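# Below you'll find the sequence and an experimental structure to go with it.
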Amino acid sequence: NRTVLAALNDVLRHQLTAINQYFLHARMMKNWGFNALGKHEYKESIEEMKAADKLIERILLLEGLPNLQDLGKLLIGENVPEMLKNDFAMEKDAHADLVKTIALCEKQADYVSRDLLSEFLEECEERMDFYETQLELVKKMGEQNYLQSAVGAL
Amino acid sequence: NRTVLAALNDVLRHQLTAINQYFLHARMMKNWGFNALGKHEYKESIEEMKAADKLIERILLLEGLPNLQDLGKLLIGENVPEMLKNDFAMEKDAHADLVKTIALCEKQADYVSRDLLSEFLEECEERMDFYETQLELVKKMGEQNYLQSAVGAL
Amino acid sequence: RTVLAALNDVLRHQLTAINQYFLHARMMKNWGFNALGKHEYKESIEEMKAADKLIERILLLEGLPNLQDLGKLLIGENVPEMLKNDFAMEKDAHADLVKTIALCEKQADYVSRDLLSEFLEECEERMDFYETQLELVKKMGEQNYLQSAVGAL
Amino acid sequence: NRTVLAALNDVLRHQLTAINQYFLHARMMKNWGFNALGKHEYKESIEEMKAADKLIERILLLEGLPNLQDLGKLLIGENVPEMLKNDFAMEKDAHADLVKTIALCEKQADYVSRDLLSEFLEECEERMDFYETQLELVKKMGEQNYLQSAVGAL
Amino acid sequence: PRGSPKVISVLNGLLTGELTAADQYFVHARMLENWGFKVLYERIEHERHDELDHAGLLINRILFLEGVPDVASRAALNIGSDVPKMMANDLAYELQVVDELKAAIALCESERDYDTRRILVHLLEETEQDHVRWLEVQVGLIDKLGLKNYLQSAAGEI
Amino acid sequence: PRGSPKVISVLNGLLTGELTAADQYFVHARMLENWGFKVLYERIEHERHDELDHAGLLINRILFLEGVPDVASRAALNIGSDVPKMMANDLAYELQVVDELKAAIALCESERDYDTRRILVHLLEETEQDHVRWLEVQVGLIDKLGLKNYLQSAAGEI
Amino acid sequence: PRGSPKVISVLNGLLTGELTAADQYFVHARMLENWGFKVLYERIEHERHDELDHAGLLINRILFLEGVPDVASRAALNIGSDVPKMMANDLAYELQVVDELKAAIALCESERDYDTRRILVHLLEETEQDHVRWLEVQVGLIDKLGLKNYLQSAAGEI
Ligand code: HEM
Ligand code: HEM
Ligand SMILES: [Fe+3]
Ligand SMILES: [Fe+3]
Ligand SMILES: [Fe+3]
Ligand SMILES: [Fe+3]
Ligand SMILES: [Fe+3]
Ligand SMILES: [Fe+3]
């Protein structure tokens, strides 16, 4: 379907943007020595890459052309709290779009795409839970304690 | 200096474009049932991601901000020989830019960057030789035999 | 009762798919196409497991599975014909399954719905495999495709 | 020979009907909780499908067209004693058909298919003995005791 | 991730139902162990652990959606005097839980909250294929085998 | 073996206490997992499973004494807004159950129910040396480490 | 094979720098161990071992070039009175070593000593990616975590 393919292309554009932002954030975290947070950000990046792989295979299933050219605005922070808040922000703003896309897929009687997007939604919502938890942990234990935990093993 | 960071960012944009192009080509190759060629292309895409990882490391170490937003034009092929030609051409252009970057790094007494870019050049010319000989293999053994080899085990 | 009737129709198609896939695999092994015959044997086995799951689901709903009926078998005389016959049967499968899933969602019945949704996932995967096989036949030539389908001599 | 191929197709139709009946009976035995009887019926089904595989390969090797389209009347029992009785009756019909077909194949000096049908007849006679014994056990030990034995582990 | 108040309310209702199911299953398993029916006791210990896991999933979902998981609330219990009454009460309660789960799945689909819909579909599948199916099987087995044979099978090794 | 109404009544009260503690520990562990305090979450989940085992022991003892367990009744829950209040409430409930168990043990001794007394003494030993001890240690650590450092240790590896 | 006098002189300067760095890292590691900063002590010990390895490589190159190493020569030592000063002094010395290494690599390239250039490029990579990078990370973490938190991380388990 044309509308379903366009919506999947928009979701894929989100996925590529998230991959780039996650990997950049992980790289500057490693640069600053936050090994634990860098490792987790790298893992979330890789998971986003696998999800984008699934989406591209799904788009090619629907005889469409995946769009790997468009990328959304990259929210890169100057410090760890800004990275966490930017990542959570993009996850939420794209979670709304993913929900709308799942509704559209249900409308068009596209149920394999709906299943794939529901799995993507479950992973995305776990990510928002993790990032909201990280922001609240920064609020609770303090900035310095959270940074010390992010460093992990010196 | 700003010139070395600009050159490294240009090489990084080349790397990201190569990553996206290789992944798209692998996705369509396995969409068409070219399992062996698709696997090789996916592996090359993974190697390009590892190279872009190293490049982001080096750019961050040099007190710079990697540009993961900007991307080059994707030469998406309509069939396997067109994918081979597009990949070979973009590898040739990237190799020329890489040689210019290596020369600039040597000029600026940036030797660790020169070592990293020399590794990149070695891998890039390996890829360039591979795609050149694959095009010559398409010529030598014919299109249908090459497609049969590219599919591999049914 | 409508959900039961739809499930029985899906089961009838799945039984027909079992028979067609198995007969095609046996013909491919008779002709010597070992790789294609093995793949079609695996596809028939997966459809047997799917029919097993659907019979479990129908019996759980206190219905009577209709294993007597069987759809028409599209039997091909050469490998490309059996490929396209499998593809056409899978297309009919997909249309019927989508209608069934919409019906199951409408009737507030959700477990048979996720069963039908996974069934639709495998069905679409098989549809892609057969369309790709036909395009590959066209791409490499029938002689090369048959050489690949033979596998080891 | 045409008559041998027709007899083989008839035996194949009998076997496919037996496959469907046995698998359905196993499934409703498992639905009612008769795990052990359900497992035995499932195994009997699987053996009948292996027999149908052998028969289909034989029909093809005789340069004939297997008729997997036809199916006989499924006798479906309302309870376990009726299931066993229906299975025994269907085996009765199948055994008579098998004996006639073996005689015909012997007459036409087609001995490989005769040997395959002899194997089929041995298994069919074993199935006769099993179901007759099960019905006799029902009569001897009581329906309630037989159903408890069919349940096995609760 | 603030969710709709209706979704939170129905999830709290499902949580109350699930906790009441856990309590009923606990009591029934304990009295089956007391009577010496160790096979049934093992099956219902497994089932009670499953219901505790379901209640945990529901509580996690309600806490994710910035809702307060009500757990003090309990529904009226139906403790069976003998094994057939155990089976009947458990089956009836699980069927009512299935009805509530189907209503909640429909509502969650309506409010476009699809992750909760996936969680509730998982819960409904577990309730139907594992709990409701086993209790229906047990009722049918008590009918067919007779009470004495069924209780002998439930006792197992004496 | 007949159990006296007083012993069965105090056992039912103890069972109600254990069930209410299990629910409170359930909610507390789930909100601790929600807040990212993984170490505290695992500890509280283990303590809740311990409370479930205690309730099972109590139900088995009550059913031995030919008495119907009181599983439906629940005491008032005290859910803490944050970790310090969480664990102050946990310690308060544990001390309440400690006093209840001591009274029950004294009554069991006064009534020649020596096996019930043994089971209750095992329960009191577990409560005092595992649940109460850890909770008082946690309050002391909140005072000494400070709230930020204690929450850092509670969060563990992120 | 005979080497250039300029190549030998810059190699001797690099060797003097590397020996001084090894001695400074030795004292720093031992004063960190004395202060109980176990993980910092282990890291600085490993860095000192790497410095001895690099000095050995330089001496092998110098002898291969038929020169005489200057191991008696030692540069001034900048020893820090506390961990931040120790990290800053180590970073400054490694930066000076980086500049000297770059000058020596340029000289080797001009003098057509490509094997020596390869050795010095490997040394520069080790100094930039292992030593300078880690020290800059440490100063950044001192400023981000704070001195107290950084010293707690440096102490490790006690
Ligand atoms: C744009 C910059 C990207 C970077 C820097 C990057 C980086 C990486 C790295 C370092 C790995 C691990 C390689 C290894 O462990 O050997 C990886 C794996 C992978 N990447 Fe990328 N990636 C990028 C983009 C993408 C995109 C756009 C996709 C798909 C659309 C993708 C798909 C994958 C997949 C499927 C894997 C395999 C993961 C697994 O199977 O464990 N990557 N990536
Ligand atoms: C009509 C409904 C049928 C159902 C529900 C069904 C179901 C099954 C199941 C559940 C299996 C188990 C596979 C596994 O666990 O690995 C199986 C295997 C098999 N089926 Fe079917 N089947 C059906 C029809 C047929 C027919 C008509 C044939 C052949 C003419 C056939 C041939 C086979 C064979 C050869 C196997 C493999 C046996 C083995 O691996 O031991 N089936 N089937
Ligand atoms: Fe060929
Ligand atoms: Fe008996
Ligand atoms: Fe449940
Ligand atoms: Fe307790
Ligand atoms: Fe060095
Ligand atoms: Fe601290």
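Sure, I can see it. Residues are numbered from 1 along each chain as shown, chains lettered A, B, ... in the order given. Ligands and ions are numbered 1, 2, ... in the order given.
# State the number of residues packed around residue E:105.
23 (other C-beta atoms under 10 Å in any protein chain shown). Yep, even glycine has a C-beta here, placed from its N, CA and C like the rest.
# Next up, identify which helix or strand it is on.
helix E:83-110 (DSSP states H and E).
# can you check residue A:119 too?
Using DSSP H and E, residue A:119 maps to helix A:111-141.
# can you give me the angle that helix makes with helix C:111-150?
With axes from the mean of the first three to the mean of the last three C-alpha atoms, to 10 degrees defining the directions, helix A:111-141 sits at 110 degrees from helix C:111-150.
# does helix A:111-141 come close to chain C?
Yes. If you take C-beta under 8 Å from any C-beta of the partner chain as the test, helix A:111-141 does meet chain C, through A:111, A:112, A:115.
# Which one of those is nearest to residue A:37?
For those, the residue nearest residue A:37 by C-beta to C-beta is residue A:115; the value is 32.1 Å.
# Which residue lies nearest the spatial centre of chain E?
By C-alpha atoms, centre = their mean, the mean C-alpha position of chain E lies nearest to residue E:21, the distance being 4.7 Å.
# Might one say that that residue is in contact with residue E:95?
No. The criterion here is C-beta atoms under 8 Å, and residue E:21 misses it with residue E:95 at 11.5 Å.
# Name the residues of the helix holding residue E:105 that are buried.
Using 16 or more other C-beta atoms under 10 Å in any protein chain shown as the test for burial, helix E:83-110 gives E:83-84, E:86-91, E:93-95, E:97-98, E:100-102, E:104-105, E:107-109.
# now swap in stretch E:105-125 and tell me
Neighbour counts over stretch E:105-125 (16+ other C-beta under 10 Å) mark E:105, E:107-109, E:113-121, E:123-124 as buried.
# again, but for stretch A:61-75
Buried residues in stretch A:61-75, counted by 16+ other C-beta under 10 Å: A:61, A:62, A:64, A:66, A:67, A:68, A:71, A:72, A:74, A:75.
# now the last one, what's its secondary structure?
Read that as residue A:75. coil (DSSP: H, G, I helix; E, B strand; the rest coil).
# Return the distance of it relative to residue A:113.
Distance of residue A:75 to residue A:113, computed by C-beta to C-beta, to the nearest Å: 28 Å.
# Then the fourth one?
Summarising the geometry, the distance separating residue A:66 from residue A:113, computed by C-beta to C-beta, is 13 Å.
# Please identify which helix or strand holds the residue nearest the centre of chain A.
Geometric centre of chain A, nearest residue: residue A:18, 4.6 Å, by C-alpha atoms, centre = their mean. Element membership of residue A:18 [criterion: DSSP H and E] is helix A:2-32.
# From the contact counts, what lies against that helix?
Packing contacts for helix A:2-32, counted by 3 or more C-beta pairs under 8 Å, 6 or more residues apart in numbering or on different chains; DSSP states H and E, involve helix A:35-61, helix A:80-107, helix A:111-141, helix B:35-61, helix G:133-145.
# can you tell which of the ones you listed is closest to residue F:27?
Closest among the helices and strands packed on helix A:2-32, using C-beta to C-beta: helix A:111-141, at 17.7 Å.
# So which residues on chain E come close to ligand 5?
With C-beta under 5 Å from the ion as the criterion, chain E meets ligand 5 at residues E:54, E:127.
# Please, where are all the helices along chain E?
Using DSSP state H, the helices of chain E run over residues E:5-35, E:38-64, E:83-110, E:114-126, E:133-145, E:147-155.
# Relative to residue D:22, which of the ones you listed is closest?
Judged by C-beta to C-beta, the one of these that comes nearest to residue D:22 is helix E:133-145, at 21.0 Å.
# So is that closest one next to chain C?
Yes. Applying C-beta under 8 Å from any C-beta, one finds helix E:133-145 in contact with chain C at residue E:133.
# Just the buried positions in that helix, please.
By neighbour count with 16+ other C-beta under 10 Å, helix E:133-145 contains the buried residues E:133, E:134, E:135, E:136, E:137, E:138, E:139, E:141, E:142, E:144, E:145.
# Next, see if that helix gets close to ligand 4.
No. Contact of helix E:133-145 with ligand 4 (C-beta under 5 Å from the ion) is absent, the minimum separation being 8.5 Å.
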